[PDB]
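Structure below is entry.txt: compact mmCIF, C-alpha atoms.
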# COMPACT_ATOMS: atom_id res chain seq x y z
CA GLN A 1 11.60 4.01 -5.03
CA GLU A 2 10.93 0.37 -5.93
CA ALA A 3 13.27 -2.58 -5.56
CA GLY A 4 15.18 -4.78 -7.99
CA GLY A 5 12.77 -7.46 -9.13
CA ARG A 6 9.66 -5.77 -7.74
CA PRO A 7 9.22 -7.92 -4.60
CA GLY A 8 6.32 -5.86 -3.37
CA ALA A 9 3.85 -8.40 -2.07
CA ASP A 10 1.50 -10.65 -4.07
CA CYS A 11 -0.54 -9.53 -7.09
CA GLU A 12 0.91 -6.39 -8.70
CA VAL A 13 -0.62 -2.97 -8.07
CA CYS A 14 -1.07 -4.08 -4.46
CA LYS A 15 2.57 -5.19 -4.31
CA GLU A 16 4.08 -2.17 -6.05
CA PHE A 17 2.16 0.21 -3.83
CA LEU A 18 3.08 -1.55 -0.59
CA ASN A 19 6.74 -2.05 -1.47
CA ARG A 20 7.35 1.43 -2.87
CA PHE A 21 5.36 3.12 -0.11
CA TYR A 22 7.09 0.99 2.45
CA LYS A 23 10.73 1.58 1.55
CA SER A 24 9.91 5.18 0.70
CA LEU A 25 8.78 5.98 4.25
CA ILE A 26 11.73 4.08 5.68
CA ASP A 27 14.18 5.91 3.41
CA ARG A 28 12.53 9.34 3.68
CA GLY A 29 12.62 8.84 7.44
CA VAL A 30 8.92 9.42 7.48
CA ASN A 31 7.92 6.37 9.50
CA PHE A 32 7.83 4.89 13.04
CA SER A 33 4.79 7.12 13.46
CA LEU A 34 1.47 5.38 12.81
CA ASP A 35 -0.41 8.67 12.39
CA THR A 36 2.20 9.80 9.89
CA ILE A 37 2.01 6.57 7.92
CA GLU A 38 -1.71 7.28 7.75
CA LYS A 39 -1.19 10.81 6.45
CA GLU A 40 1.47 9.70 3.98
CA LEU A 41 -0.90 6.97 2.84
CA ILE A 42 -3.21 9.85 1.99
CA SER A 43 -0.38 11.69 0.26
CA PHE A 44 1.00 8.74 -1.71
CA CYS A 45 -2.41 7.28 -2.58
CA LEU A 46 -3.62 10.47 -4.23
CA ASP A 47 -0.22 11.45 -5.65
CA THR A 48 -0.05 8.55 -8.07
CA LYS A 49 -1.89 7.17 -11.10
CA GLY A 50 -5.45 5.83 -11.19
CA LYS A 51 -4.37 2.24 -10.51
CA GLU A 52 -2.89 3.20 -7.15
CA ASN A 53 -5.33 6.04 -6.40
CA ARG A 54 -8.11 3.46 -6.79
CA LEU A 55 -6.22 0.59 -5.15
CA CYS A 56 -6.04 2.50 -1.89
CA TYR A 57 -9.83 2.36 -1.60
CA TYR A 58 -9.35 -1.34 -0.89
CA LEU A 59 -6.47 -0.70 1.51
CA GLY A 60 -7.87 2.30 3.36
CA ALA A 61 -6.23 5.74 3.49
CA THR A 62 -7.83 8.93 2.08
CA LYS A 63 -9.44 9.38 5.55
CA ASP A 64 -12.33 7.42 4.03
CA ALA A 65 -13.24 4.23 2.15
CA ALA A 66 -12.15 1.72 4.77
CA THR A 67 -10.95 3.21 8.02
CA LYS A 68 -10.33 -0.01 9.97
CA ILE A 69 -8.07 -1.78 7.48
CA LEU A 70 -6.02 1.44 7.35
CA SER A 71 -4.53 0.59 10.75
CA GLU A 72 -3.65 -2.89 9.49
CA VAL A 73 -1.38 -1.21 6.94
CA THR A 74 0.20 1.52 9.09
CA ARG A 75 1.03 -0.73 12.04
CA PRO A 76 3.18 -3.27 10.07
CA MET A 77 4.51 -0.38 7.99
CA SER A 78 5.99 1.01 11.20
CA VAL A 79 8.44 -1.88 11.51
CA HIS A 80 10.35 -4.16 9.09
CA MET A 81 7.63 -6.73 8.45
CA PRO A 82 5.92 -9.39 6.22
CA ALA A 83 4.46 -6.56 3.99
CA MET A 84 4.93 -8.76 0.89
CA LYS A 85 2.84 -11.54 2.41
CA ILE A 86 0.66 -8.82 3.96
CA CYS A 87 -0.95 -8.43 0.53
CA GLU A 88 -1.59 -12.13 0.75
CA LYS A 89 -3.16 -11.48 4.15
CA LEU A 90 -5.08 -8.77 2.32
CA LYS A 91 -6.46 -11.48 0.07
CA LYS A 92 -8.27 -12.82 3.12
CA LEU A 93 -9.88 -9.40 3.53
CA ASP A 94 -10.74 -8.93 -0.14
CA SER A 95 -9.81 -10.76 -3.34
CA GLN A 96 -10.39 -7.75 -5.61
CA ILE A 97 -7.18 -6.21 -4.27
CA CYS A 98 -5.36 -8.73 -6.44
CA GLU A 99 -5.92 -7.04 -9.79
CA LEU A 100 -6.10 -3.47 -11.12
CA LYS A 101 -3.12 -4.42 -13.29
CA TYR A 102 -1.27 -1.36 -14.58
CA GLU A 103 -1.13 -2.45 -18.20
CA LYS A 104 -2.83 -5.56 -19.40
CA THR A 105 -3.31 -3.23 -22.35
Show me the file's structure as structure tokens.
Amino acid sequence: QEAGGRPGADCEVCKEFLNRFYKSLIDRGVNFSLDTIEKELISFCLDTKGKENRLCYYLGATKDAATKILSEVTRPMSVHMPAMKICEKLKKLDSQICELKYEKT
């Protein structure tokens, strides 16, 4: 998972999720299928810690929460894309996505 330097996207939890999810699907060979990216969003979103399990409510997934924005993740996740800046695009959809910091402590 991950990448050296954590170049996920923008804020933090949003970036780590996108980046790790993104290169995971590409590496696992579990991509190029929008419906699959949707199902794996479900899988990955719930199979993580509260920060990410909660973060996904802002991004979609879980077959609930926000169903429209879900497609705006899966589609660019299907091809090597801006996904870092996509969290910046996400900022235009909601600003709260930029937070949820793992450990401010």
Just want the 10 Å neighbourhood of residue 62 of chain A, counted on all atoms listed in the file, with same-chain residues fewer than 5 positions away dropped. Output as a PDB file with C-alpha atoms, in the coordinates of the input.
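result.pdb, freshly written:
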ATOM      1  CA  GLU A  38      -1.710   7.280   7.750  1.00  0.00           C
ATOM      2  CA  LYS A  39      -1.190  10.810   6.450  1.00  0.00           C
ATOM      3  CA  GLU A  40       1.470   9.700   3.980  1.00  0.00           C
ATOM      4  CA  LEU A  41      -0.900   6.970   2.840  1.00  0.00           C
ATOM      5  CA  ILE A  42      -3.210   9.850   1.990  1.00  0.00           C
ATOM      6  CA  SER A  43      -0.380  11.690   0.260  1.00  0.00           C
ATOM      7  CA  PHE A  44       1.000   8.740  -1.710  1.00  0.00           C
ATOM      8  CA  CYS A  45      -2.410   7.280  -2.580  1.00  0.00           C
ATOM      9  CA  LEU A  46      -3.620  10.470  -4.230  1.00  0.00           C
ATOM     10  CA  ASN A  53      -5.330   6.040  -6.400  1.00  0.00           C
ATOM     11  CA  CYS A  56      -6.040   2.500  -1.890  1.00  0.00           C
ATOM     12  CA  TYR A  57      -9.830   2.360  -1.600  1.00  0.00           C
ATOM     13  CA  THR A  67     -10.950   3.210   8.020  1.00  0.00           C
ATOM     14  CA  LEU A  70      -6.020   1.440   7.350  1.00  0.00           C
TER      15      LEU A  70
END
Record the distance separating atom CA of residue 80 of chain A and atom CA of residue 1 of chain A, expressed in Å with one decimal.
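If I compute the distance from atom CA of residue 80 of chain A to atom CA of residue 1 of chain A, I get 16.4 Å.
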Distance criterion (all atoms listed in the file): nearest to residue 9 of chain A out of A:22, A:60, A:72, A:103
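Closest to residue 9 of chain A, using all atoms listed in the file: A:22.
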Select, from A:71, A:58, A:81, A:34, the residue with the minimum atom-to-atom distance to residue 98 of chain A, counting only C-alpha atoms.
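That would be A:58, the residue with the smallest distance to residue 98 of chain A.
Atom CA of residue 82 of chain A sits 14.4 Å away from atom CA of residue 17 of chain A.
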Can you measure atom CA of residue 2 of chain A to atom CA of residue 64 of chain A for me? One decimal in Å is fine.
26.3 Å
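Of the listed residues A:12, A:27, A:94, A:35, the one whose atoms come nearest to residue 59 of chain A is A:94, with distances taken using all atoms listed in the file.
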Kindly indicate which residue among A:10, A:76, A:16, A:5 lies nearest to residue 88 of chain A, using only C-alpha atoms for the distances.
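Nearest candidate to residue 88 of chain A out of A:10, A:76, A:16, A:5: A:10.
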Could you name the residues that touch residue 26 of chain A at 9 Å or less, counting all atoms listed in the file, but leaving out those on the same chain fewer than 5 positions away, as number ranges by chain?
A: 21, 31-32, 77-79
Selected residues written out, C-alpha atoms, as a compact mmCIF listing (two decimals), keeping the file's coordinate frame:
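Everything below was put into part-v3.txt:
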# COMPACT_ATOMS: atom_id res chain seq x y z
CA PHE A 21 5.36 3.12 -0.11
CA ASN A 31 7.92 6.37 9.50
CA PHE A 32 7.83 4.89 13.04
CA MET A 77 4.51 -0.38 7.99
CA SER A 78 5.99 1.01 11.20
CA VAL A 79 8.44 -1.88 11.51
Of the residues A:54, A:28, A:20, A:68, which is the one nearest to residue 96 of chain A, using only C-alpha atoms?
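Result for the nearest residue to residue 96 of chain A: A:54.
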Quick test: take segment 1-28 of chain A, keep N, CA, C and O atoms, and write it as a PDB file, in the first residue's frame.
ATOM      1  N   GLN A   1       0.845  -1.218   0.000  1.00  0.00           N
ATOM      2  CA  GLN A   1       0.000   0.000   0.000  1.00  0.00           C
ATOM      3  C   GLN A   1       0.865   1.247   0.000  1.00  0.00           C
ATOM      4  O   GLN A   1       2.091   1.156  -0.036  1.00  0.00           O
ATOM      5  N   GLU A   2       0.209   2.410   0.017  1.00  0.00           N
ATOM      6  CA  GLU A   2       0.880   3.690   0.237  1.00  0.00           C
ATOM      7  C   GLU A   2       1.845   4.039  -0.890  1.00  0.00           C
ATOM      8  O   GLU A   2       1.862   3.396  -1.943  1.00  0.00           O
ATOM      9  N   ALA A   3       2.632   5.075  -0.647  1.00  0.00           N
ATOM     10  CA  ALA A   3       3.650   5.540  -1.571  1.00  0.00           C
ATOM     11  C   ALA A   3       4.637   6.408  -0.807  1.00  0.00           C
ATOM     12  O   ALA A   3       4.253   7.088   0.149  1.00  0.00           O
ATOM     13  N   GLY A   4       5.898   6.374  -1.216  1.00  0.00           N
ATOM     14  CA  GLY A   4       6.936   7.093  -0.502  1.00  0.00           C
ATOM     15  C   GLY A   4       6.711   8.591  -0.501  1.00  0.00           C
ATOM     16  O   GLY A   4       6.835   9.243  -1.536  1.00  0.00           O
ATOM     17  N   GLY A   5       6.363   9.132   0.660  1.00  0.00           N
ATOM     18  CA  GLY A   5       6.127  10.558   0.771  1.00  0.00           C
ATOM     19  C   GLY A   5       4.659  10.882   0.961  1.00  0.00           C
ATOM     20  O   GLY A   5       4.302  12.029   1.232  1.00  0.00           O
ATOM     21  N   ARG A   6       3.815   9.860   0.820  1.00  0.00           N
ATOM     22  CA  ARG A   6       2.364  10.005   0.966  1.00  0.00           C
ATOM     23  C   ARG A   6       1.816  11.116   0.067  1.00  0.00           C
ATOM     24  O   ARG A   6       1.327  12.138   0.550  1.00  0.00           O
ATOM     25  N   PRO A   7       1.889  10.929  -1.258  1.00  0.00           N
ATOM     26  CA  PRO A   7       1.379  11.880  -2.226  1.00  0.00           C
ATOM     27  C   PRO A   7      -0.042  11.526  -2.634  1.00  0.00           C
ATOM     28  O   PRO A   7      -0.339  11.348  -3.817  1.00  0.00           O
ATOM     29  N   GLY A   8      -0.914  11.414  -1.643  1.00  0.00           N
ATOM     30  CA  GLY A   8      -2.247  10.921  -1.888  1.00  0.00           C
ATOM     31  C   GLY A   8      -3.110  11.880  -2.670  1.00  0.00           C
ATOM     32  O   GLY A   8      -3.702  11.496  -3.681  1.00  0.00           O
ATOM     33  N   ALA A   9      -3.172  13.131  -2.227  1.00  0.00           N
ATOM     34  CA  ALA A   9      -4.136  14.065  -2.777  1.00  0.00           C
ATOM     35  C   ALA A   9      -3.957  15.487  -2.244  1.00  0.00           C
ATOM     36  O   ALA A   9      -3.193  16.274  -2.803  1.00  0.00           O
ATOM     37  N   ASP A  10      -4.658  15.812  -1.157  1.00  0.00           N
ATOM     38  CA  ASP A  10      -4.685  17.183  -0.648  1.00  0.00           C
ATOM     39  C   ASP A  10      -4.497  17.233   0.867  1.00  0.00           C
ATOM     40  O   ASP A  10      -3.393  17.470   1.353  1.00  0.00           O
ATOM     41  N   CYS A  11      -5.573  16.983   1.607  1.00  0.00           N
ATOM     42  CA  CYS A  11      -5.570  17.158   3.058  1.00  0.00           C
ATOM     43  C   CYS A  11      -4.730  16.090   3.761  1.00  0.00           C
ATOM     44  O   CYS A  11      -3.541  16.289   4.000  1.00  0.00           O
ATOM     45  N   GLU A  12      -5.342  14.956   4.090  1.00  0.00           N
ATOM     46  CA  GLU A  12      -4.618  13.861   4.731  1.00  0.00           C
ATOM     47  C   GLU A  12      -5.411  12.570   4.635  1.00  0.00           C
ATOM     48  O   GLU A  12      -5.122  11.736   3.795  1.00  0.00           O
ATOM     49  N   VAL A  13      -6.428  12.409   5.472  1.00  0.00           N
ATOM     50  CA  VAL A  13      -7.234  11.193   5.439  1.00  0.00           C
ATOM     51  C   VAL A  13      -7.819  10.993   4.046  1.00  0.00           C
ATOM     52  O   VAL A  13      -7.834   9.881   3.521  1.00  0.00           O
ATOM     53  N   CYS A  14      -8.259  12.090   3.439  1.00  0.00           N
ATOM     54  CA  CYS A  14      -8.731  12.072   2.061  1.00  0.00           C
ATOM     55  C   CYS A  14      -7.632  11.600   1.108  1.00  0.00           C
ATOM     56  O   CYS A  14      -7.886  10.815   0.200  1.00  0.00           O
ATOM     57  N   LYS A  15      -6.399  12.051   1.340  1.00  0.00           N
ATOM     58  CA  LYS A  15      -5.314  11.752   0.418  1.00  0.00           C
ATOM     59  C   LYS A  15      -4.845  10.311   0.590  1.00  0.00           C
ATOM     60  O   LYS A  15      -4.613   9.605  -0.390  1.00  0.00           O
ATOM     61  N   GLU A  16      -4.729   9.884   1.841  1.00  0.00           N
ATOM     62  CA  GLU A  16      -4.224   8.562   2.158  1.00  0.00           C
ATOM     63  C   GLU A  16      -5.185   7.504   1.650  1.00  0.00           C
ATOM     64  O   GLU A  16      -4.768   6.485   1.103  1.00  0.00           O
ATOM     65  N   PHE A  17      -6.475   7.765   1.819  1.00  0.00           N
ATOM     66  CA  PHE A  17      -7.492   6.859   1.326  1.00  0.00           C
ATOM     67  C   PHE A  17      -7.414   6.740  -0.189  1.00  0.00           C
ATOM     68  O   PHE A  17      -7.278   5.639  -0.715  1.00  0.00           O
ATOM     69  N   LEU A  18      -7.474   7.875  -0.888  1.00  0.00           N
ATOM     70  CA  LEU A  18      -7.469   7.869  -2.341  1.00  0.00           C
ATOM     71  C   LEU A  18      -6.227   7.179  -2.872  1.00  0.00           C
ATOM     72  O   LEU A  18      -6.333   6.247  -3.655  1.00  0.00           O
ATOM     73  N   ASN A  19      -5.058   7.610  -2.412  1.00  0.00           N
ATOM     74  CA  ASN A  19      -3.797   7.075  -2.916  1.00  0.00           C
ATOM     75  C   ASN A  19      -3.694   5.575  -2.673  1.00  0.00           C
ATOM     76  O   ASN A  19      -3.427   4.807  -3.599  1.00  0.00           O
ATOM     77  N   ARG A  20      -3.926   5.155  -1.435  1.00  0.00           N
ATOM     78  CA  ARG A  20      -3.766   3.754  -1.075  1.00  0.00           C
ATOM     79  C   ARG A  20      -4.811   2.888  -1.757  1.00  0.00           C
ATOM     80  O   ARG A  20      -4.498   1.798  -2.220  1.00  0.00           O
ATOM     81  N   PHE A  21      -6.037   3.388  -1.843  1.00  0.00           N
ATOM     82  CA  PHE A  21      -7.105   2.673  -2.530  1.00  0.00           C
ATOM     83  C   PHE A  21      -6.769   2.545  -4.002  1.00  0.00           C
ATOM     84  O   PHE A  21      -6.951   1.497  -4.627  1.00  0.00           O
ATOM     85  N   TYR A  22      -6.254   3.635  -4.525  1.00  0.00           N
ATOM     86  CA  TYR A  22      -5.993   3.785  -5.935  1.00  0.00           C
ATOM     87  C   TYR A  22      -4.925   2.811  -6.418  1.00  0.00           C
ATOM     88  O   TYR A  22      -5.173   2.008  -7.321  1.00  0.00           O
ATOM     89  N   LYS A  23      -3.757   2.841  -5.796  1.00  0.00           N
ATOM     90  CA  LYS A  23      -2.666   1.994  -6.241  1.00  0.00           C
ATOM     91  C   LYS A  23      -2.881   0.551  -5.803  1.00  0.00           C
ATOM     92  O   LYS A  23      -2.290  -0.370  -6.364  1.00  0.00           O
ATOM     93  N   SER A  24      -3.737   0.363  -4.806  1.00  0.00           N
ATOM     94  CA  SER A  24      -4.124  -0.975  -4.379  1.00  0.00           C
ATOM     95  C   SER A  24      -4.882  -1.680  -5.498  1.00  0.00           C
ATOM     96  O   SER A  24      -4.490  -2.755  -5.937  1.00  0.00           O
ATOM     97  N   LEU A  25      -5.948  -1.047  -5.977  1.00  0.00           N
ATOM     98  CA  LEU A  25      -6.770  -1.614  -7.044  1.00  0.00           C
ATOM     99  C   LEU A  25      -5.958  -1.852  -8.308  1.00  0.00           C
ATOM    100  O   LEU A  25      -6.119  -2.875  -8.973  1.00  0.00           O
ATOM    101  N   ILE A  26      -5.078  -0.915  -8.628  1.00  0.00           N
ATOM    102  CA  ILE A  26      -4.220  -1.051  -9.795  1.00  0.00           C
ATOM    103  C   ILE A  26      -3.273  -2.242  -9.628  1.00  0.00           C
ATOM    104  O   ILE A  26      -3.086  -3.036 -10.550  1.00  0.00           O
ATOM    105  N   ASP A  27      -2.703  -2.377  -8.435  1.00  0.00           N
ATOM    106  CA  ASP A  27      -1.743  -3.443  -8.162  1.00  0.00           C
ATOM    107  C   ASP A  27      -2.438  -4.794  -8.010  1.00  0.00           C
ATOM    108  O   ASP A  27      -1.978  -5.797  -8.557  1.00  0.00           O
ATOM    109  N   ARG A  28      -3.553  -4.817  -7.281  1.00  0.00           N
ATOM    110  CA  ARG A  28      -4.313  -6.050  -7.079  1.00  0.00           C
ATOM    111  C   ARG A  28      -4.951  -6.519  -8.382  1.00  0.00           C
ATOM    112  O   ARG A  28      -5.404  -7.658  -8.491  1.00  0.00           O
TER     113      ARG A  28
END
